[PDB]
């Protein structure tokens with residue numbers, strides 16, 4: 001059956017949120033991987049160790065309000081495996097930051113697809129959510 | 001050889017955080033409206049996440065190689081009742097505590113959380129959970145409210 | 001414009017919603033019912049739907065259109081049975097208010113309110129309402145004592 | 001049946017109270033219609049759109065206090081339809097005033113008159129209620 | 001003087017001229033308010049709308065006097081002359097007089113805003129736009 | 001001046017009462033019981049009973065007597081079943097201590113009255129049958 | 001066996017149960033010497049409330065041992081508190097002399113309790129008695 | 001027989017039960033004298049409010065006695081509060097002699113009740129009389 | 001200074017009359033203090049009167065202090081006199097002490113009454129109001 | 001003869017209570033205007049009235065006869081400055097204390113005398129009575145709390 | 001327009017103003033000056049002026065300009081002599097910051113106008129108290145005014 | 001003289017100056033003992049906590065006496081705080097005996113101090129003792 | 001003739017002033033790089049937030065250094081904060097590579113201070129480089 | 001090495017003079033309540049420094065050998081400014097031996113300097129009302 005609060009919430013709008021959740025959780029994992037790479041004695045680049053650890057936490061918080069939004073609109077949370085990052089040894093600080101930005105808003109092309117999905121299915125609530133966060 | 005064991009603890013501790021994250025927003029659902037159950041497992045997920053990060057620093061401070069693996073999804077999408085999710089949490093913490101004790105062979109926080117979860121499961125059973133929905137509602141307010 | 005007649009149709013719907021909540025609020029104020037936090041709750045939602053209506057008034061003037069006001073016609077019930085029934089009615093009312101608001105957007109305050117209503121409906125059901133009068137009493141004290 | 005708190009509260013008093021709830025909410029509505037008329041840019045009389053909006057709230061809150069009074073004495077609240085004002089446009093800054101001069105007039109006439117059922121039926125609590133509010 | 005920067009003499013004058021206009025408007029509202037206070041004129045929520053409006057205008061002048069000292073100008077106070085009458089016929093002439101008393105008071109600030117724009121006083125412009 | 005030994009009996013009895021309440025406290029600290037306010041209540045009683053004995057020891061010195069100490073016998077139980085049972089045993093223990101205090105003569109009453117209130121409440125609520133009844137008493141009365 | 005029992009041998013559970021009784025015993029030996037120096041014929045008001053404080057401290061040690069027992073999953077089995085060796089300690093030096101043999105009685109069992117937690121690989125029990133003993 | 005009753009004689013319970021009625025009678029006579037000085041015939045406010053204070057005092061003494069009855073396990077049995085001997089106290093002097101008569105009468109009843117507790121060997125009831133009076 | 005900057009509509013008879021009222025109520029507080037510790041003695045022991053006459057002694061002490069505050073507030077000058085001892089220390093019976101406490105009140109009230117009449121004849125609304133509200 | 005020594009002491013306490021009452025409302029005058037000096041001495045007036053009536057209960061507890069006398073008016077009507085009212089209080093408190101030690105043969109004053117001395121030297125160090133600014137600051141910074 | 005050169009000028013002046021306040025702040029932290037609340041006062045103006053500069057670098061981006069930074073020149077004085085003098089220099093500096101800002105508006109804050117008025121108030125109070133000759137005057141002003 | 005000095009014999013003042021030095025000497029004997037029972041070769045880490053607490057407590061007595069001296073108009077004349085009889089108390093029980101002596105020696109000076117305050121007729125000081 | 005100066009070497013006093021300007025320089029460069037990513041044609045909102053925080057953080061380091069100067073008794077002499085080497089940082093990674101290389105040199109400059117404080121027997125300054 | 005033993009005695013000398021200066025301001029002919037609160041607090045601070053040094057010797061097998069806590073040079077520091085300057089000079093000698101043995105010292109030395117500068121600028125020691133306002137406004141809160 002259907003939830004008592006679901007209204008104007010499409011099935012494709014729901015699965016896109018689920019795939020978005022795993023993507024943000026994956027990003028929080030990647031940042032956490034790179035963060036403790038710069039925490040290593042071999043690297044000692046403390047600058048990006050602080051930054052990547054913070055970005056990992058903020059990426060997890062991003063996934064949490066996607067989960068709250070899902071339950072808020074009658075959707076159902078289906079969690080998936082958080083695939084491990086591309087590597088553990090990020091070579092150099094450039095390569096880690098290189099791989100970072102490629103991922104940093106690889107999230108926000110699907111985020112901008114999710115906005116297109118929210119507009120084409122007439123979801124002004126889902127639109128205002130994406131635009132804010 | 002003890003280096004590979006720390007990497008196991010990191011993945012299981014990160015696995016523990018995801019299970020609690022899963023449990024948390026299960027009690028956020030409109031058909032399972034228990035806010036304090038949701039706060040509790042979200043606080044636990046953050047705690048287990050912090051336990052995982054301090055194990056990664058442990059690898060770096062002794063010259064180990066952090067070898068991250070997949071964070072497998074939890075065993076359930078629906079955790080049924082609050083008592084059952086509390087029983088799985090007691091199960092999970094002890095399994096985390098198991099591998100954590102194998103780590104020290106080749107800590108205090110785990111014993112506190114296991115003891116509290118036991119008190120949690122005990123109270124919910126004595127109150128008549130999961131059968132009495134009133135029991136999990138009153139426990140939500142009077143125990144997990146603070 | 002056909003948004004002018006649409007916005008004025010929302011203004012009448014919110015004012016109707018504010019009247020239903022006002023009616024339910026002072027039903028729980030009766031000595032026959034005596035659930036004060038249920039009364040304060042729907043009284044607050046009554047003042048919220050009026051604010052949404054008054055906020056649509058200045059929207060109409062700012063867009064250039066003009067206000068066309070009809071009768072705030074009457075709630076379906078003068079007796080709203082129990083607390084679970086009133087919450088179930090309030091849920092159906094908000095979805096209608098949200099339904100017209102969304103297809104007025106074709107030219108989050110409601111979405112959040114719908115979640116809170118469904119949460120309360122869920123808790124009241126799992127507590128044994130409306131058959132168990134002890135449930136609606138405890139739900140009045142522990143949840144609606146916000 | 002008869003309320004357990006019903007005591008010395010005549011049927012005409014319970015009916016006359018119910019009549020006030022609808023009239024006060026009518027006055028609340030007319031002040032509301034007038035308030036947001038002074039707000040449109042064809043008029044631009046802001047220091048009257050703000051007063052009438054506050055007068056709209058106060059007539060509704062008198063009805064609530066009347067609705068509380070109905071429960072307090074055993075009476076049962078039977079509201080009625082809130083009819084639209086005589087018009088939507090009072091294009092003049094002061095016909096609405098003469099309407100408001102004479103919409104304030106008519107509750108206070110019925111407030112001076114509900115004071116008859118309270119006196120002629122020896123109801124001191126309802127007498128003293130109007131003399132206070 | 002110590003703080004006066006880009007504050008024209010006609011700006012300081014118009015502010016002082018505006019201060020007296022607000023106080024005078026407050027006096028007219030006070031008169032009409034307590035005219036509706038009468039035993040006979042039983043219009044009691046037009047006795048406390050104008051009373052609040054009277055305080056609203058006395059507040060406007062206070063913030064105008066605050067603006068004068070803040071920009072560096074000097075406050076010069078004049079007489080608050082009598083309202084044009086004490087007996088306000090009834091509810092309507094008061095409104096009709098209050099209505100005309102409003103936008104001659106109101107948008108002499110347009111003339112003030114015109115003065116601050118031709119003088120290019122961004123601060124005085126922002127003050128007219130915000131408080132009014 | 002076997003009133004010297006009458007104080008000596010009371011000293012041991014208060015210490016025995018303290019030991020009993022100590023046992024009751026950590027029974028409700030067990031993970032399969034889990035009633036922290038029950039646990040707090042009996043631990044506070046244990047401290048108050050220990051204090052009662054310590055002033056009795058000072059009393060005897062002020063009277064020129066001899067403090068003769070005997071073994072603190074272990075409680076009769078390790079498991080106290082439930083909150084109602086542990087309360088009824090406490091009511092029995094307090095009136096036990098009280099009657100021995102009155103014979104020494106030739107507060108305690110508040111403790112007896114309060115325990116009597118607790119026993120009565122737990123009964124009418126549904127203890128020991130309803131675990132919900134012993135949970136809600138823990139939160140509201142003992143909270 | 002409890003829900004929470006884990007890596008907790010019953011040798012250490014019995015050792016805890018034994019140490020619980022040992023500190024409760026020292027609590028009363030210190031209590032006896034305390035109110036011995038409170039005597040008028042002795043009048044050593046300094047040691048009198050030093051021992052009274054240690055009487056309360058040893059009591060608090062056994063309390064934290066009892067909490068530790070339930071915390072690890074063990075079961076508290078109390079025993080009799082045997083009386084002190086005497087009531088008249090005569091000199092203050094013999095009272096201090098017995099107090100040194102008593103404290104090295106409980107500090108010796110603690111070292112053996114620590115070895116037991118090390119022979120069995122209990123990091124939590126080791127860290128316990130390490131923390132503040 | 002109450003679960004809390006212990007060393008509480010039936011003669012003690014009955015005496016306290018009739019002591020309650022005496023303190024409530026004392027509250028009633030102090031209430032009569034207070035509003036006698038209050039009227040313009042006598043028109044003295046110094047004694048009119050202190051006697052109203054005494055009336056509140058005795059009412060509170062009876063309440064502390066009622067609390068003592070339940071605390072010991074006895075059961076409260078209340079009788080009629082007899083009216084004061086008169087409502088016109090002739091003058092301020094006569095009422096001051098009447099107040100002095102029932103004052104030592106109440107205190108005499110206390111001296112009797114205290115002796116009953118001594119003869120029945122009731123230290124708690126003795127301490128109660130000694131403390132609150 | 002020697003000229004009050006605040007004194008206005010405060011007559012010579014008013015200023016002297018409250019000074020005459022300062023000392024009367026200070027005397028009253030000492031009369032009630034004497035009675036209070038008479039009913040406190042072992043020879044009498046009437047704790048209901050020993051505490052009332054002590055409380056009334058504090059009341060008359062505060063009445064004088066508020067009158068002293070009225071003197072400085074109106075601009076007048078406080079003039080303090082001796083506080084004469086009560087007519088006796090041994091008030092004999094417990095009804096004589098009350099016979100004097102009744103006579104004393106109908107002279108204190110018969111001094112505020114004449115004080116209020118003075119505050120009326122000299123047109124002192126502030127002094128009139130102070131008496132009627134204290 | 002410990003009975004008349006009690007009665008002399010209650011009279012010395014009651015007289016001194018009239019002195020602090022006189023000092024307090026001196027600083028309440030519109031030409032003095034030291035609110036905290038007024039609060040301070042009004043408190044000492046009450047503290048020593050309590051001393052007096054707690055020696056009246058002591059006369060009864062020891063089975064004596066209370067013999068009251070006239071409470072004579074204080075010497076000065078104006079107390080000039082705040083420094084002089086503080087030096088007169090020090091002198092008054094030592095005389096009440098000396099006559100209290102005469103009674104212990106048949107603390108509060110020591111604590112009060114010490115506080116009165118701390119105030120006298122502070123006022124003198126700041127420049128009282130000449131400096132009107134000094135007594136003003138002492139009024140609000142020392143007698144304020 | 002020619003506003004890009006005006007924004008960047010305003011950016012550099014605010015950054016320079018933040019440095020002058022930074023120099024004033026830790027002058028009063030010196031043990032031979034020892035004015036705690038004077039130091040806290042300029043330290044907060046320093047961060048607020050820096051905040052104004054960062055909002056101007058943002059305004060350059062919204063309108064599509066090119067942020068051109070320059071050297072942040074050292075303040076005129078290392079030693080600020082006294083408290084009365086340091087605030088007069090602040091008073092003039094804020095007017096100097098405000099003056100070039102009024103130009104920018106034609107080619108954002110009451111904060112400039114109100115800061116000037118506050119600095120003006122303090123110069124008046126300090127001078128009427130006897131500063132800088134009265135070390136007690138600057139001590140009391142540091143306590144009762146800059147301690148709020 | 002002091003403006004507050006009243007019924008305060010010189011002998012009372014000087015004997016309090018003496019008691020002040022004796023209290024400070026005691027705190028310090030207790031401080032040497034405390035860190036003796038704290039050395040790793042003695043290692044009775046229980047009297048170390050107690051003696052240190054009484055080292056603090058015995059000094060608080062001296063500060064109460066110094067406060068008393070000013071309160072009565074006397075003047076505080078401090079003397080040197082001499083070293084304890086030894087730094088090595090040999091055995092732990094021998095230090096409990098030296099500490100047992102000092103408590104009685106200090107209490108003896110207080111009994112003489114209380115005797116001095118009665119012969120010269122001085123309450124308050126008599127009431128200062130009876131702490 | 002300072003009043004608080006003690007065991008603070010002269011060549012250590014200029015070592016702070018030279019470090020104060022250097023921290024203020026990195027804060028300036030971080031501020032410049034932060035508002036590079038805030039642009040429309042760059043759109044790196046996360047790295048703009050980071051460098052703005054690093055700009056404020058390196059400013060605090062200078063503020064904590066100036067505070068240290070007065071605490072030891074040195075006299076703060078501020079110099080010109082020289083402009084960042086460019087305003088158009090080209091790519092975001094080039095800014096990262098310059099921000100990486102930025103003060104891996106101050107960290108070394110921070111370490112030469114620790115080697116300076118060690119050579120001059122300044123434990124307090126050595127202890128201060130714990131930030 | 002055995003330099004720790006001399007610092008133990010120096011901190012104890014510091015605590016003693018701070019006790020002496022504290023109860024100087026407690027005198028009735030002085031009456032500076034917060035000056036007394038201030039130096040009593042410094043007396044309890046330097047005492048705590050000595051005790052932590054006594055444990056420091058036990059933590060490296062040292063021997064706490066002990067000398068007399070000598071009498072301060074003055075029984076009378078009759079000036080608030082003079083007591084501060086004596087306290088400032090003494091802390092720089094207590095800090096003098098710490099730097100030979102090898103933070104909280106330079107924080108106190110800095111604070112004492114702030115106090116001395118203020119009191120001199122305010123008119124002390126010749127000006128009363130200056131040490132009074134310093135007692136109330138700086139040492140008070």
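Just so you know, the numbers here start at 1 and follow the chain as drawn.
Heads up, header says this was done by X-ray crystallography, 2.9 Å.
From the backbone N, Cα and C atoms, a Cβ is placed for every residue, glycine too.
According to its DSSP assignment, residue H:18 (site 'Essential for association with cargo receptor NCOA4') is helical. Within 10 Å of the C-beta of residue H:18 (site 'Essential for association with cargo receptor NCOA4') we count 12 further C-beta atoms, all protein chains included. Positions annotated as site 'Essential for association with cargo receptor NCOA4' by Swiss-Prot: H:18.
Sequence-distant neighbours of residue H:58 (Fe cation 1 binding site) (same chain, six or more apart, CB under 8 Å from its CB) are H:23, H:24, H:26, H:27, H:30, H:106, listed in sequence order. Residues or ranges marked as Fe cation 1 binding site by Swiss-Prot on the basis of experimental evidence: H:23, H:58, H:61.
Within 8 Å of the centroid of the Cβ atoms of H:23, H:58, H:61, where the record puts Fe cation 1, the same chain has further Cβ atoms from H:22, H:24, H:26, H:27, H:57, H:59, H:60, H:62, H:65, H:106. A distance of 13 Å separates the Cα atom of residue H:18 (site 'Essential for association with cargo receptor NCOA4') from that of residue H:61 (Fe cation 1 binding site). Cβ neighbours within 10 Å of residue H:23 (Fe cation 1 binding site), excluding its own Cβ and spanning all shown chains: 22. Counted within 10 Å of its Cβ, the other Cβ atoms near residue H:61 (Fe cation 1 binding site) come to 21, all protein chains included.
Less than 8 angstroms from a Cβ of chain E: among the recorded positions H:18, H:23, H:58, H:61, that describes none of them. Under the three-state DSSP scheme, residue H:58 (Fe cation 1 binding site) falls in the helix class.
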